[PDB]
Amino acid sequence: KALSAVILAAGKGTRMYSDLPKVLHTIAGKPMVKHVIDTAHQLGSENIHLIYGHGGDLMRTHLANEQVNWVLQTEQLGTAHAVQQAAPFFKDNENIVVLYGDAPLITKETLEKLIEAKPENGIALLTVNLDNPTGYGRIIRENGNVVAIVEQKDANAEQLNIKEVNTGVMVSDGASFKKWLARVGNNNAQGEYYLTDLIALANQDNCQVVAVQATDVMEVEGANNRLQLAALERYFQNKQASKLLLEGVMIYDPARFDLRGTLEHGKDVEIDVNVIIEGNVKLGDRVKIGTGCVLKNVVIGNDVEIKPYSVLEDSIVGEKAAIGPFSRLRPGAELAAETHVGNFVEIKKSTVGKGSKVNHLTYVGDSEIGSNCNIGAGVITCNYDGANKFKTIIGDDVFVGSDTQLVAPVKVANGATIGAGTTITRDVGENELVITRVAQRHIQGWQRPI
């Protein structure tokens, strides 16, 4: 049977105290609503109906590329009213799962189980057991099926001790949604049209409502403020870390590890404390990451060691390379196999060839460096004033003496040797030695002012 999703995301999120609407705040680097959209897609949803309202323009800009049907809800008259805005687009004989944009941790596995348990022409309701269920609607079962959701203020002493409560997440066919939504009223203290009332309406029609318990309480938790959001973040990171640990990644402390994207890994990977992995990251076999590193959108080959406090982005590092500590790889940094990048070195939009070393106090930008080069401490690639970031081309087996400035556009051919303290503006030929002639004044018997 086909499937489509409805995601409620119209909320202002007042207690976030933000200019953003509620569902755009991030978990693991990605909006809460994007998590739910992805999960909806994982389930094989044909359509995803996004009910939006507050911060409409921001929603549109932040989620511009998402494959969803944009359903504007001008007035927040209740969860049933929200879902009914998308109802005209429901296929009569597809299943519809209702999800909430502020509850990002809900898993595919739990939702697959919910959908499977849905009886024909009936409802599958996602429930959860709370140790303190105070305030939530209690699930009343009579011979396997949900006959009522009894609210806190209505429940008797016996019912108050029921720990199983309603989450509001549910599945039913499109025809049934269209039918029952038109029959939901707002005769209550809040004057709202509640999706909850579908359970009563289903029982009225002698249609079966089946309860399906969520395994994890936190999986169905929503975030109404940033304290709650921080709790979801930590639960999520702990779970990501646990999975990686069971896959054989050595994470020294999973409470001090953050993944904000996707990690692909080989075997015997070691990640020390306080590492942050962002975007799409790939690590080969036996990669070692030291404390305090940040990797965003990088590919790291086999047997690479990244030493502490290194920051890498949009970069590629070949096998057996050595990076850090205190190294900076900026976008377009491409390090070949067996290369070396050391402390207080910045590499931007440059390729560095096999075996080459750049180990101290150096800036290399917009450059091509060949194989087995020695880039001395203090070397800087620079431009003339008013230039448009021109390129420095360094061949193979070149020695560049310490504290030399390479002034682009310039080429240094294979086997060239450049002395310390040189200013290179003209191209250097193959096997050309360039050394600076210094003039110095020597004054003997100069007593220092001490």
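Under this definition, the rigid core comprises the largest set of C-alpha atoms superposing within 1.5 Å between the forms. Just count from 1 along the sequence shown to find any residue number.
Asker: After fitting on the rigid core, pick out whichever of 387-395 or 418-426 shows the bigger RMS C-alpha deviation in 9 other deposited structures of this protein.
Answerer: After the core superposition, the stretch with higher RMS deviation in 9 other deposited structures of this protein is 387-395.
Asker: Please tell me which region, 319-327 or 129-137, has C-alphas lying farther from the displayed form on average in 9 other deposited structures of this protein, with superposition done on the core.
Answerer: When 319-327 and 129-137 are compared in 9 other deposited structures of this protein, the bigger C-alpha shift is seen for 129-137.
Asker: Comparing 415-423 with 381-389, where is the mean C-alpha B-factor higher?
Answerer: In the deposited entry, the stretch with the higher C-alpha B-factor mean is 381-389.
Asker: Quick check: 113-121 versus 77-85, which has the larger average CA B-factor in the record?
Answerer: Comparing 77-85 with 113-121, the higher mean C-alpha B-factor belongs to 113-121.
Asker: With respect to the C-alpha temperature factors reported in the PDB entry, which of 405, 402, 26, 45 ranks highest?
Answerer: Answer for 405, 402, 26, 45: 45, with the highest C-alpha B-factor.
Asker: Could you check 256, 328, 296, 141 and tell me which one carries the biggest Cα B-factor in the deposited entry?
Answerer: Result of the comparison over 256, 328, 296, 141: 141.
Asker: C-alpha B factor of residue 131, ranked within the chain: lowest, middle or highest third?
Answerer: Highest third, going by the recorded CA B-factors of the chain.
Asker: By the recorded C-alpha temperature factor, relative to the other modelled residues in its chain, which third is residue 191 in?
Answerer: Highest third of the chain for residue 191's C-alpha B-factor.
Asker: Place residue 164 in the lowest, middle or highest third of its chain's C-alpha B-factors, as listed in the PDB entry.
Answerer: According to the entry, residue 164 has a C-alpha B-factor in the chain's highest third.
Asker: Against its chain's modelled residues, does residue 372's Cα B factor rank lowest, middle or highest third?
Answerer: Lowest third, going by the recorded CA B-factors of the chain.
Asker: According to the PDB entry, is the CA B factor of residue 237 in the bottom, middle or top third of its chain, that is, lowest, middle or highest?
Answerer: Middle third of the chain for residue 237's C-alpha B-factor.
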